[PDB]
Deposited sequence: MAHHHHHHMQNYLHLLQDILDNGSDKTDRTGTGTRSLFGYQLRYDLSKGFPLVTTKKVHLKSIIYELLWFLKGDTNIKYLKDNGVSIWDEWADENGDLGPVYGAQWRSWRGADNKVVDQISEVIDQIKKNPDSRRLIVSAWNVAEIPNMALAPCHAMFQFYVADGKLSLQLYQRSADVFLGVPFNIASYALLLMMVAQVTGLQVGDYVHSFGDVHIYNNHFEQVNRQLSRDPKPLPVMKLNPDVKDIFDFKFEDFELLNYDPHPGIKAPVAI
């Protein structure tokens, strides 16, 4: 199942380096790690899905104001928005509207999907959120810095580079988010689903969570659920919340 994720938890506990924030909050961390999941063998999520789905739909709309999330009962970005609900040019703005010099704007999602379809052997099927000149305008710097697709033998793969990860609290959500994006893009490009690859820079566990982590490490692993998408969706921008069902 997700034994590789459990191995990452144990590695940080056994071998990670201890650090302390200015606020006195301790973490233990490693640097450089890689996980992968064959998505034909199940969806890599243990047990919430509503926040994952709406955040992805929000990204794909190009929206960086939290109103869409709040109107769908999703509060995960509330703490970072200004009084108008704005976050600055975070993920959605870079995915759909990367802003450069000379009024250049790039819809990276539309470009990369067109290239998967027309040039599947491309070795540069990349979307980046790390827009250096715009990061000071963002509520926070992108944790999910860039990702890359790959096509082989009719199967679409995706690799994420994540600069920093709370392995206990954040990584389960992070894995599910980009694995689901892979399933969505595979469907609308007519490909079967391949591997989801998750590469990490800093990986950390908070010292206050060591007890909870040790308990999850000793839990019996369950089978992975199955994620079923509405097969009628043929456009990456045409997904809706009810098009997703997680089973078993």
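Please report every deposited-sequence interval that has no C-alpha in the structure, sorted by position.
Residues missing from the model, as numbered along the full deposited sequence, span 1-7, 55-58, 260-272.
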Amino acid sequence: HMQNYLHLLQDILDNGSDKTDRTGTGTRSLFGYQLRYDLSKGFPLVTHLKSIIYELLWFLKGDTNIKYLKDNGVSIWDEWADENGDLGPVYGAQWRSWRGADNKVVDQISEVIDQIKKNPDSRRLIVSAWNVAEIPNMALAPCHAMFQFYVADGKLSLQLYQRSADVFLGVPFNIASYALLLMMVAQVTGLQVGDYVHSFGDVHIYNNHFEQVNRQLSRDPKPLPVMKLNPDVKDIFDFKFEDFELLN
From here on, numbers count along this sequence of modelled residues.
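On average, are the C-alpha B-factors higher in 202-210 or in 175-183?
The stretch with the larger average C-alpha B-factor is 202-210.
State which stretch shows the higher mean Cα B factor in the entry: 74-82 or 137-145.
Stretch with the greater average CA B-factor: 74-82.
Sorting 34, 51, 65, 216 by Cα temperature factor from the record, which one lands on top?
Of the candidates given, the C-alpha B-factor peaks at 216.
Considering only 102, 166, 111, 153, which residue's Cα atom bears the greatest B-factor as recorded?
Highest C-alpha B-factor among the listed residues goes to 153.
Please say which third, lowest, middle or highest, residue 45 falls into when its CA temperature factor is compared across its chain.
Top third by C-alpha B-factor.
Should residue 220 be placed in the lowest, middle or highest third of its chain by the C-alpha B factor in the entry?
Tercile = highest for this residue's CA B-factor.
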